[PDB]
>>> print(open('my_file.cif').read())   # mmCIF, N, CA and C atoms
data_start
loop_
_atom_site.label_atom_id
_atom_site.label_comp_id
_atom_site.auth_asym_id
_atom_site.auth_seq_id
_atom_site.Cartn_x
_atom_site.Cartn_y
_atom_site.Cartn_z
N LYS A 61 172.41 5.24 200.01
CA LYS A 61 171.24 4.41 199.62
C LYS A 61 170.05 5.26 199.15
N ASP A 62 169.13 4.59 198.45
CA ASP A 62 167.86 5.13 198.04
C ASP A 62 167.02 5.55 199.26
N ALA A 63 167.10 4.80 200.37
CA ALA A 63 166.30 5.11 201.57
C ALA A 63 166.67 6.41 202.27
N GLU A 64 167.96 6.65 202.55
CA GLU A 64 168.36 7.95 203.11
C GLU A 64 167.98 9.13 202.19
N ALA A 65 168.19 8.97 200.87
CA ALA A 65 167.81 10.02 199.92
C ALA A 65 166.27 10.31 200.03
N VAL A 66 165.46 9.27 199.92
CA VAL A 66 164.00 9.39 200.02
C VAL A 66 163.51 9.98 201.38
N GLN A 67 164.01 9.45 202.51
CA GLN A 67 163.69 10.07 203.83
C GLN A 67 164.00 11.54 203.88
N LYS A 68 165.18 11.92 203.39
CA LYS A 68 165.55 13.31 203.33
C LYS A 68 164.59 14.16 202.47
N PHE A 69 164.31 13.67 201.27
CA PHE A 69 163.40 14.40 200.36
C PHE A 69 161.99 14.57 201.06
N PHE A 70 161.47 13.46 201.59
CA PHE A 70 160.16 13.44 202.26
C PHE A 70 160.10 14.47 203.40
N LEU A 71 161.06 14.38 204.32
CA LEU A 71 161.18 15.37 205.39
C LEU A 71 161.41 16.78 204.99
N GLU A 72 162.25 17.04 204.00
CA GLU A 72 162.45 18.40 203.61
C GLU A 72 161.25 19.03 202.90
N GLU A 73 160.58 18.24 202.08
CA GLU A 73 159.33 18.68 201.45
C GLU A 73 158.24 19.04 202.51
N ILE A 74 158.09 18.23 203.54
CA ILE A 74 157.15 18.50 204.64
C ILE A 74 157.49 19.80 205.34
N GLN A 75 158.76 19.98 205.65
CA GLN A 75 159.23 21.17 206.35
C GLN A 75 159.04 22.44 205.55
N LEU A 76 159.31 22.39 204.24
CA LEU A 76 159.00 23.52 203.42
C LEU A 76 157.48 23.70 203.37
N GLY A 77 156.71 22.61 203.23
CA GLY A 77 155.25 22.72 203.24
C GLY A 77 154.66 23.43 204.48
N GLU A 78 155.10 23.03 205.66
CA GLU A 78 154.72 23.62 206.95
C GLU A 78 155.08 25.09 207.05
N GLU A 79 156.34 25.41 206.75
CA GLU A 79 156.78 26.81 206.69
C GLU A 79 155.93 27.63 205.76
N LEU A 80 155.75 27.19 204.50
CA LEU A 80 154.84 27.90 203.59
C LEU A 80 153.40 28.11 204.10
N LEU A 81 152.82 27.04 204.63
CA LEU A 81 151.46 27.15 205.24
C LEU A 81 151.44 28.16 206.39
N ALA A 82 152.49 28.16 207.21
CA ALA A 82 152.57 29.14 208.34
C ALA A 82 152.63 30.61 207.81
N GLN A 83 153.17 30.78 206.61
CA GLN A 83 153.25 32.12 205.98
C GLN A 83 152.01 32.47 205.15
N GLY A 84 151.09 31.51 205.00
CA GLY A 84 149.85 31.80 204.29
C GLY A 84 149.98 31.56 202.81
N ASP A 85 151.09 30.94 202.43
CA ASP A 85 151.29 30.50 201.03
C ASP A 85 150.76 29.05 200.89
N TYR A 86 149.42 28.95 200.99
CA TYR A 86 148.72 27.65 201.12
C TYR A 86 148.96 26.78 199.88
N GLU A 87 148.80 27.39 198.70
CA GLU A 87 148.97 26.66 197.46
C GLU A 87 150.37 26.10 197.29
N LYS A 88 151.37 26.94 197.52
CA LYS A 88 152.75 26.45 197.45
C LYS A 88 153.07 25.36 198.48
N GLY A 89 152.62 25.55 199.72
CA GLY A 89 152.82 24.56 200.79
C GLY A 89 152.22 23.19 200.46
N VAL A 90 151.00 23.22 199.98
CA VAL A 90 150.27 22.03 199.51
C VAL A 90 150.98 21.32 198.39
N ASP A 91 151.57 22.07 197.45
CA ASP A 91 152.34 21.45 196.37
C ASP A 91 153.48 20.62 196.91
N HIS A 92 154.16 21.12 197.93
CA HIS A 92 155.28 20.36 198.52
C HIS A 92 154.73 19.15 199.29
N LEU A 93 153.60 19.30 199.98
CA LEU A 93 153.04 18.11 200.70
C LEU A 93 152.69 17.02 199.70
N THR A 94 152.26 17.37 198.48
CA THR A 94 151.85 16.36 197.53
C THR A 94 153.09 15.57 197.09
N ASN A 95 154.25 16.23 196.98
CA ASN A 95 155.54 15.45 196.77
C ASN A 95 155.83 14.45 197.90
N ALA A 96 155.61 14.86 199.15
CA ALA A 96 155.84 13.96 200.29
C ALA A 96 154.86 12.80 200.26
N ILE A 97 153.58 13.09 200.01
CA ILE A 97 152.60 12.02 199.87
C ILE A 97 152.91 11.03 198.71
N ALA A 98 153.37 11.55 197.56
CA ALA A 98 153.74 10.71 196.39
C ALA A 98 154.83 9.68 196.59
N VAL A 99 155.75 9.89 197.52
CA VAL A 99 156.78 8.89 197.84
C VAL A 99 156.43 7.94 199.00
N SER A 100 155.18 8.00 199.48
CA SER A 100 154.82 7.25 200.68
C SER A 100 154.07 6.05 200.23
N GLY A 101 154.40 4.92 200.86
CA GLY A 101 153.64 3.67 200.54
C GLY A 101 152.20 3.65 201.10
N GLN A 102 151.92 4.52 202.05
CA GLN A 102 150.54 4.71 202.56
C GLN A 102 149.89 6.07 202.32
N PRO A 103 149.67 6.45 201.06
CA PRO A 103 149.14 7.83 200.85
C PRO A 103 147.84 8.11 201.65
N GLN A 104 146.95 7.10 201.79
CA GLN A 104 145.65 7.30 202.44
C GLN A 104 145.82 7.55 203.89
N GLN A 105 146.86 6.97 204.46
CA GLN A 105 147.04 7.23 205.87
C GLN A 105 147.64 8.60 206.16
N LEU A 106 148.52 9.04 205.27
CA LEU A 106 149.02 10.42 205.35
C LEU A 106 147.83 11.39 205.17
N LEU A 107 146.96 11.09 204.23
CA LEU A 107 145.82 12.02 203.94
C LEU A 107 144.91 12.11 205.19
N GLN A 108 144.72 10.97 205.90
CA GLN A 108 143.89 11.03 207.13
C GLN A 108 144.51 11.83 208.17
N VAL A 109 145.79 11.69 208.33
CA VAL A 109 146.41 12.49 209.33
C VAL A 109 146.31 13.99 208.93
N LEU A 110 146.46 14.30 207.64
CA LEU A 110 146.42 15.74 207.24
C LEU A 110 145.04 16.29 207.39
N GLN A 111 144.04 15.48 207.10
CA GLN A 111 142.67 15.90 207.39
C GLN A 111 142.42 16.25 208.88
N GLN A 112 143.06 15.54 209.78
CA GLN A 112 142.91 15.80 211.24
C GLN A 112 143.74 16.97 211.68
N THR A 113 144.67 17.44 210.84
CA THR A 113 145.55 18.54 211.26
C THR A 113 145.35 19.87 210.49
N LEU A 114 145.02 19.80 209.19
CA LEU A 114 145.01 20.99 208.36
C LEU A 114 143.64 21.68 208.46
N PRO A 115 143.60 23.03 208.31
CA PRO A 115 142.29 23.65 208.10
C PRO A 115 141.52 23.04 206.91
N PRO A 116 140.18 22.93 207.03
CA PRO A 116 139.46 22.24 205.95
C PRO A 116 139.70 22.77 204.52
N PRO A 117 139.85 24.13 204.32
CA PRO A 117 140.05 24.55 202.93
C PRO A 117 141.41 24.23 202.42
N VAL A 118 142.40 24.14 203.27
CA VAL A 118 143.74 23.74 202.79
C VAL A 118 143.78 22.25 202.49
N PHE A 119 143.21 21.43 203.39
CA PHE A 119 143.07 19.98 203.11
C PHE A 119 142.36 19.73 201.76
N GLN A 120 141.29 20.45 201.52
CA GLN A 120 140.52 20.29 200.36
C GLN A 120 141.28 20.63 199.06
N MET A 121 141.98 21.76 199.11
CA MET A 121 142.92 22.11 198.10
C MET A 121 143.98 21.06 197.87
N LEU A 122 144.53 20.51 198.96
CA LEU A 122 145.40 19.35 198.88
C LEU A 122 144.81 18.22 198.02
N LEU A 123 143.63 17.76 198.41
CA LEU A 123 142.92 16.76 197.63
C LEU A 123 142.79 17.05 196.13
N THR A 124 142.56 18.30 195.74
CA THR A 124 142.45 18.64 194.32
C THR A 124 143.80 18.64 193.55
N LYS A 125 144.91 18.72 194.27
CA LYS A 125 146.24 18.80 193.64
C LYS A 125 146.95 17.43 193.57
N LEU A 126 146.37 16.42 194.19
CA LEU A 126 147.07 15.14 194.27
C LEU A 126 147.20 14.44 192.93
N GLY B 12 159.44 25.03 213.69
CA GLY B 12 158.60 23.95 213.07
C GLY B 12 159.22 22.56 213.16
N UNK B 13 158.75 21.64 212.34
CA UNK B 13 159.27 20.28 212.39
C UNK B 13 158.21 19.33 212.89
N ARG B 14 157.11 19.83 213.46
CA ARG B 14 156.06 18.92 213.98
C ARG B 14 155.37 18.11 212.92
N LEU B 15 155.07 18.79 211.81
CA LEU B 15 154.41 18.15 210.69
C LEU B 15 155.27 16.95 210.21
N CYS B 16 156.58 17.10 210.25
CA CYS B 16 157.45 15.98 209.89
C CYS B 16 157.24 14.75 210.70
N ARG B 17 157.10 14.89 212.02
CA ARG B 17 156.93 13.72 212.91
C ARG B 17 155.56 13.11 212.75
N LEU B 18 154.51 13.94 212.68
CA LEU B 18 153.19 13.35 212.47
C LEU B 18 153.18 12.53 211.22
N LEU B 19 153.83 13.01 210.14
CA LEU B 19 153.68 12.31 208.86
C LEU B 19 154.62 11.09 208.74
N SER B 20 155.81 11.16 209.35
CA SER B 20 156.73 9.98 209.35
C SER B 20 156.04 8.84 210.07
N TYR B 21 155.45 9.17 211.23
CA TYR B 21 154.75 8.16 212.02
C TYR B 21 153.51 7.60 211.34
N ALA B 22 152.96 8.36 210.38
CA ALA B 22 151.83 7.84 209.59
C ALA B 22 152.22 6.71 208.64
#
>>> encode(input="my_file.cif", output="structure tokens")
Amino acid sequence: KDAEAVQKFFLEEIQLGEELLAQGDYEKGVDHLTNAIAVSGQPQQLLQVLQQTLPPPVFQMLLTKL
Amino acid sequence: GXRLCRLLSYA
């Protein structure tokens, strides 16, 4: 189904995003998070949660790449 | 890792 494919893509993009951010590859990590946000029916709610979790300059960079 | 996945799925 389309749903298992999408869940998988969403989760794998997040996991690569987190790993990249942990390595200090902020720009690359953010690019993958923007793919995860793009397939979500609630982008604003994902953005709120990322604002509460990410360092402010990475969140801000996120906002500019969306 | 994997935490970011749960926070965002639950969002």
>>> closest_residue(input="my_file.cif", among="A:88, A:82, A:117, A:93", to="residue 19 of chain B", atoms="only C-alpha atoms")
A:93
>>> closest_atom_pairs(input="my_file.cif", of="chain B", to="chain A", cutoff="7 Å", atoms="only C-alpha atoms", output="Markdown table")
| residue | atom | partner | partner_atom | distance |
| --- | --- | --- | --- | --- |
| B:13 | CA | A:75 | CA | 6.1 |
| B:15 | CA | A:78 | CA | 6.6 |
| B:16 | CA | A:74 | CA | 5.8 |
| B:19 | CA | A:106 | CA | 6.1 |
| B:22 | CA | A:106 | CA | 5.7 |
>>> write_last_selection(input="my_file.cif", atoms="N, CA and C atoms", output="compact mmCIF listing (two decimals), in the frame of the given file")
# COMPACT_ATOMS: atom_id res chain seq x y z
N UNK B 13 158.75 21.64 212.34
CA UNK B 13 159.27 20.28 212.39
C UNK B 13 158.21 19.33 212.89
N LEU B 15 155.07 18.79 211.81
CA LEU B 15 154.41 18.15 210.69
C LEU B 15 155.27 16.95 210.21
N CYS B 16 156.58 17.10 210.25
CA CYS B 16 157.45 15.98 209.89
C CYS B 16 157.24 14.75 210.70
N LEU B 19 153.83 13.01 210.14
CA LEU B 19 153.68 12.31 208.86
C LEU B 19 154.62 11.09 208.74
N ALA B 22 152.96 8.36 210.38
CA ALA B 22 151.83 7.84 209.59
C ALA B 22 152.22 6.71 208.64
>>> atom_distance(input="my_file.cif", atom1="atom CA of residue 125 of chain A", atom2="atom CA of residue 91 of chain A")
7.2 Å
>>> atom_distance(input="my_file.cif", atom1="atom CA of residue 101 of chain A", atom2="atom CA of residue 87 of chain A")
23.7 Å
>>> atom_distance(input="my_file.cif", atom1="atom C of residue 21 of chain B", atom2="atom N of residue 98 of chain A")
14.3 Å
>>> select_by_dssp(input="my_file.cif", residues="chain A", states="helix (DSSP H, G or I)", output="VMD selection string")
chain A and resid 62 to 83 86 to 98 103 to 113 116 to 125
>>> decode(input="my_file.cif", residues="chain A", atoms="C-alpha atoms", output="PDB file, in the first residue's frame")
ATOM      1  CA  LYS A  61       0.000   0.000   0.000  1.00  0.00           C
ATOM      2  CA  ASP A  62       0.733   3.711  -0.316  1.00  0.00           C
ATOM      3  CA  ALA A  63       0.565   3.985   3.529  1.00  0.00           C
ATOM      4  CA  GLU A  64       3.365   1.524   4.398  1.00  0.00           C
ATOM      5  CA  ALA A  65       5.549   3.118   1.670  1.00  0.00           C
ATOM      6  CA  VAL A  66       4.864   6.669   3.023  1.00  0.00           C
ATOM      7  CA  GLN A  67       5.395   5.673   6.737  1.00  0.00           C
ATOM      8  CA  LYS A  68       8.677   4.087   5.769  1.00  0.00           C
ATOM      9  CA  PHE A  69       9.852   7.120   3.750  1.00  0.00           C
ATOM     10  CA  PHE A  70       8.780   9.523   6.595  1.00  0.00           C
ATOM     11  CA  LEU A  71      10.600   7.503   9.264  1.00  0.00           C
ATOM     12  CA  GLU A  72      13.717   6.908   7.279  1.00  0.00           C
ATOM     13  CA  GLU A  73      14.033  10.576   6.311  1.00  0.00           C
ATOM     14  CA  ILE A  74      13.703  11.555  10.044  1.00  0.00           C
ATOM     15  CA  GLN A  75      16.334   9.008  11.055  1.00  0.00           C
ATOM     16  CA  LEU A  76      18.788  10.216   8.475  1.00  0.00           C
ATOM     17  CA  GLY A  77      17.949  13.806   9.544  1.00  0.00           C
ATOM     18  CA  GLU A  78      18.703  13.053  13.249  1.00  0.00           C
ATOM     19  CA  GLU A  79      21.924  11.205  12.426  1.00  0.00           C
ATOM     20  CA  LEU A  80      23.106  14.081  10.215  1.00  0.00           C
ATOM     21  CA  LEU A  81      22.249  16.695  12.876  1.00  0.00           C
ATOM     22  CA  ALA A  82      24.139  14.601  15.491  1.00  0.00           C
ATOM     23  CA  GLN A  83      27.210  14.760  13.163  1.00  0.00           C
ATOM     24  CA  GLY A  84      26.912  18.539  12.713  1.00  0.00           C
ATOM     25  CA  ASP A  85      25.752  18.281   9.113  1.00  0.00           C
ATOM     26  CA  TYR A  86      22.864  20.673   9.951  1.00  0.00           C
ATOM     27  CA  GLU A  87      22.020  21.673   6.383  1.00  0.00           C
ATOM     28  CA  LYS A  88      21.858  18.124   5.091  1.00  0.00           C
ATOM     29  CA  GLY A  89      19.848  16.931   8.131  1.00  0.00           C
ATOM     30  CA  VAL A  90      17.334  19.760   7.697  1.00  0.00           C
ATOM     31  CA  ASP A  91      16.899  18.875   4.013  1.00  0.00           C
ATOM     32  CA  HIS A  92      15.772  15.386   5.001  1.00  0.00           C
ATOM     33  CA  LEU A  93      13.405  16.757   7.715  1.00  0.00           C
ATOM     34  CA  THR A  94      11.762  18.949   5.069  1.00  0.00           C
ATOM     35  CA  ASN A  95      10.932  15.728   3.076  1.00  0.00           C
ATOM     36  CA  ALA A  96       9.314  14.254   6.221  1.00  0.00           C
ATOM     37  CA  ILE A  97       7.351  17.448   6.848  1.00  0.00           C
ATOM     38  CA  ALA A  98       6.184  17.556   3.140  1.00  0.00           C
ATOM     39  CA  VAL A  99       4.355  14.204   3.397  1.00  0.00           C
ATOM     40  CA  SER A 100       2.580  15.083   6.665  1.00  0.00           C
ATOM     41  CA  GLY A 101      -1.003  16.248   6.791  1.00  0.00           C
ATOM     42  CA  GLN A 102      -0.081  18.473   9.778  1.00  0.00           C
ATOM     43  CA  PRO A 103       3.078  20.372   8.774  1.00  0.00           C
ATOM     44  CA  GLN A 104       2.449  23.115  11.427  1.00  0.00           C
ATOM     45  CA  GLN A 105       2.263  20.646  14.177  1.00  0.00           C
ATOM     46  CA  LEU A 106       5.499  18.957  13.148  1.00  0.00           C
ATOM     47  CA  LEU A 107       7.106  22.450  12.971  1.00  0.00           C
ATOM     48  CA  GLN A 108       5.969  23.182  16.583  1.00  0.00           C
ATOM     49  CA  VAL A 109       7.385  20.071  17.851  1.00  0.00           C
ATOM     50  CA  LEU A 110      10.705  20.769  16.012  1.00  0.00           C
ATOM     51  CA  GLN A 111      10.809  24.245  17.435  1.00  0.00           C
ATOM     52  CA  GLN A 112      10.576  22.712  20.969  1.00  0.00           C
ATOM     53  CA  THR A 113      13.343  20.221  20.196  1.00  0.00           C
ATOM     54  CA  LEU A 114      15.889  21.712  17.756  1.00  0.00           C
ATOM     55  CA  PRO A 115      18.527  24.358  18.532  1.00  0.00           C
ATOM     56  CA  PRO A 116      17.161  27.748  17.413  1.00  0.00           C
ATOM     57  CA  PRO A 117      19.591  28.220  14.465  1.00  0.00           C
ATOM     58  CA  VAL A 118      18.835  24.792  13.059  1.00  0.00           C
ATOM     59  CA  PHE A 119      15.060  25.313  13.431  1.00  0.00           C
ATOM     60  CA  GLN A 120      15.430  28.650  11.722  1.00  0.00           C
ATOM     61  CA  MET A 121      17.369  27.152   8.852  1.00  0.00           C
ATOM     62  CA  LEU A 122      14.615  24.559   8.638  1.00  0.00           C
ATOM     63  CA  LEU A 123      12.046  27.317   8.201  1.00  0.00           C
ATOM     64  CA  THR A 124      14.032  28.876   5.324  1.00  0.00           C
ATOM     65  CA  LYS A 125      14.268  25.541   3.410  1.00  0.00           C
ATOM     66  CA  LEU A 126      10.604  24.542   3.577  1.00  0.00           C
TER      67      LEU A 126
END
